[PDB]
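# Architecture and fold: a report
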Number of protein chains: 2
Amino acid sequence: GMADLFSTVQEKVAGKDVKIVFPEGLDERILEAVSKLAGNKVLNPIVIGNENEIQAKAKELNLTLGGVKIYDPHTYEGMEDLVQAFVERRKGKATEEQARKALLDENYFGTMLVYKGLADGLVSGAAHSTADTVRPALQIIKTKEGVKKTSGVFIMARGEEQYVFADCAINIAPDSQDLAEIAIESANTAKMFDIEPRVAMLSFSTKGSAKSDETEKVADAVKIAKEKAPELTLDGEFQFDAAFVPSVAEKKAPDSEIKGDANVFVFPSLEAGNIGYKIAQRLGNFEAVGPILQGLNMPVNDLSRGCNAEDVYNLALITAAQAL
Amino acid sequence: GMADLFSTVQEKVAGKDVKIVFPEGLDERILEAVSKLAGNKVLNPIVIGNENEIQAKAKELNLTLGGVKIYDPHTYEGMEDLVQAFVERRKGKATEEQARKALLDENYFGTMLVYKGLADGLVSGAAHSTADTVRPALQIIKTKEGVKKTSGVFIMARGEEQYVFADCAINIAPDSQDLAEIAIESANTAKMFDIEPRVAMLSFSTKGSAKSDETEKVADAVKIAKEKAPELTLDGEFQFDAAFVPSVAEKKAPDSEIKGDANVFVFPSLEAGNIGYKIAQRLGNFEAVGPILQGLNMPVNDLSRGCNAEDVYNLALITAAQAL
C-alpha cells in the first residue's frame, strides 16, 4: 500500500549516505529508528544530546549506536564558528550571548548544522511543537529561490491510489499569492514520490458557480500559478467532484486540463485542508503520511509527538530524499 | 444503505397527504417524480405552469398526471389575493405592478402558495440557481423563531453509518453566532432522520491546540450554543480525529461530552464544509443527500440542475417530513 511507496523513496536514498540530524537524542522512537537506519546503512544518522546519556538510553532499549554520530552542544568544537554563523545570518537581531544561548538548544544546534553543510537535513518533532521545529528552520535555513513560505503536504494512499494534499498543516489563511505557490511547490514534492503532477485548486464552486472573494482568491491563484509555471497541468477553482470524478468534470467544466483526474489537490485554507486529509484518512481509509514541509533551502521535517518508531524512519527517508 | 434512511422518512410522510409545490412544471425530472408520488398516494403534488403544456409534456414521457394538481400563474383565481399579500409582506419594498410581475414567476408563485397555507412546502432548483430558490423563500416565507439564517445540511450515509454535515451549501463565511446557530438547527434536522444529536464544531485544532481568530470563532461558537441549548450534546473546536475516532478523543481532549462519537459535524466555513462532504462522498464512498435547507418558517428545498428523477422524489419526501 503506502509501504510500496516508501521502498520507492528508500530506493533513491539508500547508499548515498545522506546525513540527517535528529535533535531529540534521548527519544526512544528516534533511537530505535536511528539505530536501525545506521544498522542497514540506509543513511547516516546524527543524533544530538549528551553521549553518556544517549549511550545508556540506547542500552536499556537493547539498541546499539552503530554508524550513529553524536553531537552535544555543550562539547561541540565548531560552536563559535556556529555561534558566529548564526549572528551573521540573524543580521544583528542576535547578540553573541544570545546566539550562544540559542545554539544550546537541540533544534537550533541541529539546524545550524544542516545550514553549515555538516548535515543534509533535519528531522525533529517527536517531542516539540511543530512551531519549535519550523521556527529555526525559518530564521536560519531559509526558503528556496522563488518561495516565500513553507507549507505542509500529505502523501495520501489507498492501495494503488496516491495523491498529495496541499498545506493541511502550516499556513492558516493563505491568499492568492500563497495558494499559487503551494500548488507549484506541491507539484514538485509530488515528483519525488514518482507521481505525475495534475493540480486542482479546490473551492466550493467550480469555474464560476458561486462568486465571492473566496472563489476569486482561488481563481486569482490559478492565474498567478499558470502564469509562473505554464507547463504545470493545473486548472482552478474546482469542487472536489470536478477534480476527482471525470463524469462531473465534463459537466461542470470541460475545456480544462484537469479532466476529473487530479492527483494533487491544493486546498483554499487550513480549515479545509486539515479537516480534509483527516476525512480522507478516517473515512476513506486512506493511509496518510504526516506533514512534509517543502520549499526550504534544506530538508527539515516535523514528526508528531506520539509518532511511531517507524514514522521516524520514514520521515527520515523522505527528508533524505528531499536533500538528494 | 441510504435507501433505508428514506423509507424511514417516507414512513412518516406517506398517507398524511402533504402538499408540495414544484414550480418547475415542464421539467421531466419533476414530472416523473410528481407522476410517481401521486401514483403511490405518498403526498399531493402541485405542479406549476401551463396546463395544456404540462399535460402534453407528461404525454411524451409516458406519464399520467393522476393525483397531480396544476396551477398557472396566468389563470389562478386567487392571484389578486396573493399579489396583495406579497406587497404587504414586502412592507413597501414592492409596488403593486411589481408584485404582480413578481408573482408571475413560478418560484415566487409557488412560494406565495406555501406562505398562504395553500401548500405545505416547495421544492425547486432542478432548473434554477440555488439563489433563485432561496431568494423568495427568504423575502416571503422567512426564518423561524430565533433563527436568523438558513444553512444547508447533508445527510451522509455508508451502510450503517449516518451523519449530518453542517452548512456545506449556503453561508459562505459564518461567524460565531451563525456557527452556533447552524449547530443547533442541524441537531434538530438530524432528529428528523431518527438520529441522536452529538454535535462537534470542527476546526484545525482541538480544544486549544492552535490559537488564532479561526479557532476562537469556533470556540466562541461553542459557548453561545451550549448557552442557548444546554441539553444539546455538543463540545467544540475539534479536529476531525477528535470528533471521529474515540482513541484520539481521550488523548487530545477528554472531559468532553463528545467522546470521538460525533454524528453531526458543523464545519467552520463553506470552503471546508463543501470540500468536506464531497471528499467524504467521492473518497469515503459515502452516499450524500443534496442540500437540505433548515430553519425556515415552511419547508423549501433546492435540487441541483441535473438531478435525478429519484432525487426529486426523495427531496420531496424530506421536504414533506419537514412540514409535518
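Procedures and definitions
Residue numbers count from 1 along every chain, following the sequence as written rather than necessarily the entry numbering; any residue without coordinates is not displayed. Key to labels: chains lettered from A, ligands numbered from 1, both in the order written. Where side-chain values are given, they derive from all heavy atoms of the structure, hydrogens and water being excluded. Relative accessibility decides the category of a residue: with a 1.4 Å probe and only protein chains considered, values under 20% of the type maximum give buried, values over 50% give exposed, and everything between is partly exposed. Labels follow the DSSP assignment, with helices taken as runs of H or I lasting at least four residues and strands as runs of E lasting at least two, numbered in each case from the N terminus. Comment: arc refers to directions from the helix axis out to C-beta atoms. The contact criterion used throughout is that any non-hydrogen atoms of two residues lie within 4.5 Å. Copies share a common frame after least-squares superposition on their C-alpha atoms. By definition, the buried area sums, over both parts, the 1.4 Å-probe accessible area that each loses when the two are put together. We count a salt bridge whenever a side-chain nitrogen from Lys or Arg sits within 4 Å of a carboxyl oxygen from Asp or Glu. At least two DSSP bridges between two strands are required for those strands to pair. Each axis is a line fitted through C-alpha atoms, taken for helices only over the stretch in contact, and angles between the N-to-C directions span 0 to 180 degrees. The handedness rule is simple: strands pointing away from the viewer, and a clockwise path from the first strand over the helix to the second, make the crossover right-handed. The domain limits used here are those given by an automatic or database domain assignment. To estimate the expected span of a helix, count its residues, drop one, and scale the result by 1.5 Å. Angle categories: roughly parallel below 35 degrees, roughly antiparallel above 145, roughly perpendicular from 65 to 115, and oblique for all the rest. In this scheme the crossing of two helices becomes right-handed for a clockwise turn of the near helix relative to the far one and left-handed for an anticlockwise turn of less than a right angle. Residues are grouped as follows: nonpolar covers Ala, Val, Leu, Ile, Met, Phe, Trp, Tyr, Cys and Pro; charged covers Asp, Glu, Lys and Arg; every other residue, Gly included, is treated as polar. For this analysis, a polar contact is any N or O atom pair within 3.5 Å, provided that within protein one partner can donate a hydrogen and the other can accept it, and provided that sequence-adjacent residues contribute only side-chain to side-chain pairs.

Per the deposited record, determination of this structure is attributed to X-ray crystallography, with the resolution reported as 2.85 Å.

## A word on helix α3 (residues 51-60) of chain A
All names here are of chain A. Those residues of α3 that fall on the buried side of the exposure criterion are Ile54, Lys57 and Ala58. Within α3, the buried residues cover an arc of 100° as seen down the axis, which keeps them to one side. With respect to the buried face of α3, the exposed residues turned more than 90 degrees away are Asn52, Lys59 and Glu60. Buried positions along α3 lie against α2 (28-39), β2 (44-48) and β3 (69-71).

## Observations regarding the relation of the copies chain A and chain B
The relation between the two copies of this chain is a rotation about an axis and a shift parallel to it. Rotating chain A by 179° and moving it 0.3 Å along the rotation axis overlays it on chain B with an RMSD of 0.2 Å. Such values leave the two copies arranged in the relation of a two-fold axis.

## Some points on the environment of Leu63 of chain B
Residue and element names in this part refer to chain B. Relative to the helices and strands, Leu63 is located in the loop between α3 (51-59) and β3 (69-71). Taking the C-alpha atoms as reference, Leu63 lies 26 Å from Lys12; in sequence the two are 51 residues apart. In this view, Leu63 contacts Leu31, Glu32, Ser35 and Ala58; residues no more than four positions away in its chain are not counted.

## Remarks on the interface of chain A and chain B
On the chain B side, the residues contacting the 36 residues of chain A number 36 residues. Contact between chain A and chain B buries roughly 2,800 Å² in total, counting both sides, with carbon and sulfur atoms accounting for 69%. For chain A, the biggest contributors to the area lost against chain B are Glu271, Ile275 and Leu283 of chain A; these three give 25% of the whole. At the boundary of chain A and chain B, one finds 6 salt bridges. The closest approach of N and O atoms between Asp241 of chain B and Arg282 of chain A, which form a salt bridge, is 3.5 Å.

## Remarks on the sheet that holds strand β4 (residues 121-124) of chain A
All names here are of chain A. Strands sit in the order β3-β2-β1-β4-β11 across an open sheet of 5 strands; the sheet is parallel. In this open sheet, the two edge strands, each paired with only one partner strand, are β3 and β11 (300-302). Here the strands of the sheet are splayed against their neighbours by 25° on average, with no regard to which way each runs. Of the strand pairs in this sheet, β2 and β3 are connected by 3 bridges, and their pairing is parallel. Residue pairing across strands places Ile46 opposite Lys69, the latter belonging to β3. Against the sheet, helix α6 (residues 106-115) engages β1 (19-22), β2, β3 and β4, with an angle of about 160° to β4.

## Remarks on the pairing of β2 of chain A
Residue and element names in this part refer to chain A. Counting buried positions over the 5 residues of β2 gives 4, a clear majority of the element. Pairing geometry for β1 and β2, over 4 bridges, is parallel. If you follow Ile20 over to β2, its bridge partner there is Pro45. Taken together, β1, α2 and β2 constitute a β-α-β crossover, and its handedness is right-handed.

## Section: the sheet that holds strand β10 (residues 287-294) of chain A
Residues and elements named next belong to chain A. Reading across the sheet, the 6 strands line up as β8-β7-β9-β6-β5-β10 and stay open at both edges, with mixed pairing between neighbours. Of all strands in the sheet, those with a lone pairing partner are β8 (234-238) and β10, marking the two edges. Taking the axes of each pair of neighbouring strands and ignoring which way they run, one obtains an average angle of 25° across the sheet. In this sheet, β10 lies alongside strand β5 (residues 151-158) in antiparallel orientation, the contact comprising 6 bridges. The partner of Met156 across the bridge, within β10, is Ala288.

## So, the domain arrangement of chain A
Residues and elements named next belong to chain A. On domain assignment, one finds that chain A holds domain 1 (1-142 + 297-324) and domain 2 (143-296). Between domain 1 and domain 2, the C-alpha centre-to-centre distance is 29 Å. Buried surface at the junction of domain 1 and domain 2, summed over both partners, amounts to about 1,700 Å²; 66% is from carbon and sulfur atoms. It is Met2, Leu5 and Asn297 that lose the most area in domain 1 upon contact with domain 2, and together they represent 30% of the buried surface on that side. Counting every contact that joins domain 1 to domain 2 gives 1 salt bridge.

## A closer look at unusual backbone geometry
Notably, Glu237 of chain A is not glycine yet its phi reads approximately 80°, a positive angle. For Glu237 of chain A, the location among the structural elements is in strand β8. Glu237 of chain A gets classed as buried once you look at its relative accessible area, which sits at 7%. The phi angle at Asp194 of chain B is positive, at roughly 60°, despite the residue not being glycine. With respect to the element layout, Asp194 of chain B can be found in the loop between α8 (176-192) and β7 (199-202). Its relative accessible area of 52% is what places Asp194 of chain B among the exposed residues.

## Focus on α2 of chain A
All names here are of chain A. Compared with an ideal rise of 1.5 Å per residue, which puts 12 residues at 16 Å, α2 spans 16 Å between its outermost C-alpha atoms and is within 8% of the ideal. Listed as buried for α2 are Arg29, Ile30, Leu31, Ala33, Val34, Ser35, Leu37 and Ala38. Lining the buried residues of α2 we find β1, β2, α3 and α13 (309-323).

## Comments concerning the pattern of salt bridges
Taken as a whole, this structure holds 32 salt bridges over all chains when the rule is applied. Several salt bridges converge on common partners, so that one network encompasses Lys207, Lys226, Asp235 and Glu257 of chain A.

## Observations regarding the packing of α6 of chain A against helix α7 (residues 130-139) of chain A
Residues and elements named next belong to chain A. With their axes 9 Å apart at the nearest point, α6 and α7 run at an angle of 40° to one another. One way to sum up the angle between α6 and α7 is to call them oblique. Crossing of α6 over α7 shows right-handed handedness. Residues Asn107, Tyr108 and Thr111 of α6 form the contact with α7, whose own contacting residues are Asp132, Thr133, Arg135, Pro136, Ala137 and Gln139. Residues that form the contact of α6 with α7 fall into these classes: 3 nonpolar, 4 polar and 2 charged.

## Digging into the environment of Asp120 of chain B
Residues and elements named next belong to chain B. The topology assignment puts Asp120 in the loop between α6 (106-115) and β4 (121-124). Filtering out sequence-adjacent residues up to four positions away, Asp120 remains in contact with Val18, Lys19, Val114, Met298, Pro299 and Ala323. In this structure the side chain of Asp120 is engaged in a polar contact, spanning 2.8 Å, whose partner is the backbone nitrogen of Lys19.

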